[PDB]
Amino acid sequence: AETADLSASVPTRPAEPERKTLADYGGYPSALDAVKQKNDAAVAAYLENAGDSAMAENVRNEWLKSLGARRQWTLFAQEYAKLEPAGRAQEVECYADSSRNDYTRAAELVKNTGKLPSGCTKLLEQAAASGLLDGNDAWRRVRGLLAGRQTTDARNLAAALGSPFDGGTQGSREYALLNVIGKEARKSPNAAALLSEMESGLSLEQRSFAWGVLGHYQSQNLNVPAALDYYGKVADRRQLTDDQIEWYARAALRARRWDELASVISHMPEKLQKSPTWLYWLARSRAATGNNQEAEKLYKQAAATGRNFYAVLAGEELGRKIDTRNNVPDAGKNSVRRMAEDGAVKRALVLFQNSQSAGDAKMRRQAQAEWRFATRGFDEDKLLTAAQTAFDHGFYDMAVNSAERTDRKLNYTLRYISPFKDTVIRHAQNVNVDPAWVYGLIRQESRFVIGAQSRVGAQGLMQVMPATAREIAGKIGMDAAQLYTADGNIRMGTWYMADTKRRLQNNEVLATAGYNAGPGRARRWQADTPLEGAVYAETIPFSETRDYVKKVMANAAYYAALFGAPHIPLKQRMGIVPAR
């Protein structure tokens, strides 16, 4: 019965002057070194003076980790009581419980098969020594730690469970299994023959795990028939790590074995079965075996996960199309202004502007942390207001970070911003690439930060490598130094998108993957037969590039809807990746 509106409510946390903010930032590295050197007076003095900021909260967390490890419980409790509950680091939670000898968290944590922080690691050991850990899960954690070379943590965990590596029957058997599950032993052409010899003397759990390690190695190496052979010997698939079981599912997906795929996904942990990825592929598998009613319900849940690659593909199997109409008005200019007056928002903004006039990347990273801190507790209305507040200040990446956090109130123009439009459109049309794809790529590469610079030296909005820029500029009459202007950067990036596409059989999925990892790697990941675009994207071995391709293609689907481009469903945009 009511038309949509946006609450003008804004927080009014106490603000501090520009000088104080920059002084607190000035002393921030000193306070973190005081924690590491155990200078408790120097840490207390910093916290006494500092504002209620991400800086203070980060110092307080680090100090509590130090206080917990040193069993300084009087101080720990007094300072823990000063942390916003949502601001508590994971390891600080564990110390706070281990301080009471409370092991409620261990049942969840024990599911983790990789490195935890030391406080959580000790909590698990103490839970193990106390008989409070499920045996199945505890030994599974031991094996996972051995397979990812955390041999010390595995050793201590096995000791605490009462069967040490040096003495225990189960302990020493787990440890001996490294001749198969070791980082280099798993690569051996004889690992399977070795394992097949020892099968008689291993438990069902140890055998399931060990075939899991060999399957996962083969699978992430894109040797699918060998992967499927080893994974097929796993008797209890629930024994696998999360990464092992997902690469079993990726192998079966790449082989189009829909019955096996469904079966694998059914053995995943609940959190993993409910992710957009495995809801979608289980749905596709159910449809492929003839159960449309079950596939339909699974598509609906995948589609309800929000704005993302699999949610969009699911919505399309249900004949929905992307709709990018905002369902709430823009925030009023007054509210946008008042939002910037809030003490924590203003702090973020002060670090932001000061980082611009000084070229200071580390200060800019701190402005982002302050912005996330400032906005951490916001309801949907404040988040849309804050998003516009960031956008107006040119803090474009924080504009998007706030907007993409809403669930019912949707502002697609803050989720999918498009600054520099004249530039991008012109240069994309000149080399004949789709502008929605270009924005998709920029949104993922740099979140629209003109001065973005990666670790390895990828530069600008389109994150073009200096070497690539030199090769481009010599083909199209440019100076390589134009890499460092926004216009030259967009000219080179859009050209390289067109160029990689042309050299990867005109395929936008291979091109996206080639942009990020090199066209050489994009071709390596091709199969000897054609692959549906989503299968290729899901089975990319490098995690960063796998994530990257799906986000860019999903971003392009939303930009295309925002720009009014003619409707090409995401499935069709994904197309078919050809044989190598």
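Just count from 1 along the sequence shown to find any residue number.
- In this entry, the higher average B-factor at the C-alpha atoms falls on 407 to 415, of the pair 488 to 496 and 407 to 415.
- Relative to its counterpart among 329 to 337 and 436 to 444, 329 to 337 has the higher mean temperature factor, C-alpha atoms as listed in the PDB entry.
- Of the candidates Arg503, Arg140, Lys346, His216, the deposited coordinates give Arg503 the top C-alpha B factor.
- For the set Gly460, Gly212, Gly290, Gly119, the PDB entry puts the maximum C-alpha B factor at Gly290.
- The entry lists a Cα temperature factor for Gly27 that places it in the middle third of the chain's modelled residues.
- In the deposited entry, the Cα temperature factor of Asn49 places it in the highest third of its chain's modelled residues.
- Looking at the C-alpha B-factors along this chain, the one for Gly514 belongs to the lowest third.
- Among all modelled residues in its chain, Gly68 ranks in the lowest third by Cα B-factor.
- Ranked by Cα temperature factor within the chain, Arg376 sits in the middle third according to the deposited record.
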